[PDB]
Every structure is written in structure tokens, then in C-alpha cells.
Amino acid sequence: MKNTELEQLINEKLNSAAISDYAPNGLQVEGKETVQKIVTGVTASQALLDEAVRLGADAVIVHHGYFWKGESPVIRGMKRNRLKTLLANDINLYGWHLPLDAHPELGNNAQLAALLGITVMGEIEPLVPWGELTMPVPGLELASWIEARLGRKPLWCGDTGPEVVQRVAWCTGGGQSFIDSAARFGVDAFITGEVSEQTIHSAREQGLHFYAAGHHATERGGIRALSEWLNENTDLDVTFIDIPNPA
């Protein structure tokens, strides 16, 4: 496949062109024209890049690439190491940020719901679906469940959360700021990846169970999902590598 054909293929599968974002979606750094072996992971860290070079990948696809709004375009320190590892080896880098969080099937938000056992039912706002657990359980049990399914112990705050959690809303990664919107919609628990100082007061004062189950942990689902989608719908050789990040 040509690198530009692959950009167009996933752009169309994820209705990318239609979504405003904090960074460029699609081909971020151009490499050789022909793409046959693909390495993907949550973030284009130096460590993922090093696996793509070790594996002889032609392209790398991630949910967090470079060139974020507000960033300095200067190329030094980390940025110089990353771009040189890509450019010298002719590796194509693609990033799909909000389109891969939102897709109904392959997105981070839909995959978390499948992994945690939540029946999606509607959407509170663009990146915040809500639904119900198919097996309603107490706040403590839900924490252990999230810990067993993502393999990471979440920050659980449920000082004033309901006795049993049924209705839930969530947003993967750094979606702590949607907690009020979810509490205002009416839920039993709100789940996200990161947490901030104010997030705790929102859970306490609004009567809900809150979980920060990890930015990286809650965001392996979509890129892994898109990687499967590529292996089943093309002849590409796509390998998804989960490189652990505590955050």
C-alpha cells in the first residue's frame, strides 16, 4: 500500500476530516512511499520508535503523535531524537487523536465499554458516552473489576457514591474535566484516565463514584482495535505493542 493510500484509508474509516483537533490527524512525518510492516502503540515515544526500527517497520501509527497546538516547532532534545529515528530510517508516522477516541466501533471510548462490560446507550457530549453495567455492582467491586480488566489499580473515590453502580459515563485519557457534565446528566459513576485536584471535589459534592484508571491504560483499546481492523481488511503486517506507562 502507498503511504498516502493508507492515510486516506484510515481517514475515511474514522471520519477524521470532519473533526477539529489539537494536532494534525493522518500522516505526520513522511517516510518511504511503500508501506508493508506497521508497528502501532499508544504514543510515538522514543521507546515505540526504537521497536519500529528493531522490527524493520515501514510505518508507525499511534493515538498521540507530535505537533500539538502551542508547541515550539524547534527541533531539539527529545524532538530531535524522535524525528531523526524516523527520518533516517524512512519511517512514516501517523497519528489519529480525537477520531480514534470517538469511533463507535474501533474508538478508545467504545473499546473501554466492551472491555469493562458496559452497554453503550447514548452520548452525553461528543467524547462522553454513558450506558449501564450489564452486571451492576458496588463501588468497591467496580474498582477491583477495572483493576483486573486493565491490569492497573485505579484511583477510586466514592465517599458519597451510590450503593450500587449501574449507570455510568466515561471518557478515556485526560477527560477528568467532563465529570461535572456527567454528574449533571445523572450517573452513578464517572470513569476516566487522569485526575486533578478539582475532580475529587466534584465526585464528593455530586454524589458519584469516580475512577481515574490511567491515561495509557484506558487508551490502548482503540489503536489495538485499529491494528486488528488493518490485519483483517488489508494485507498489511500490523503489530500493536503495549509499552507500559504508569500515568
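Throughout, we count residues from 1 along the sequence that is shown.
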Hey, which bit's got the bigger mean C-alpha B factor in the entry, 58-66 or 29-37? 29-37
For the stretches 135-143 and 83-91, which has the higher mean C-alpha B-factor as given in the deposited record? 135-143
Per the entry, which of 161, 117, 104, 173 tops the list for Cα B factor? 161
If you rank every modelled residue in this chain by C-alpha B factor, which third holds residue 225: lowest, middle or highest? middle
Compared with the other modelled residues in the chain, in which third is the CA B-factor of residue 177? middle
Please place residue 168 in the lowest, middle or highest third of its chain by C-alpha B factor as given in the entry. lowest
CA B-factor ranking of residue 196, expressed as a third of its chain: middle
Please say which third, lowest, middle or highest, residue 204 falls into when its CA temperature factor is compared across its chain. middle
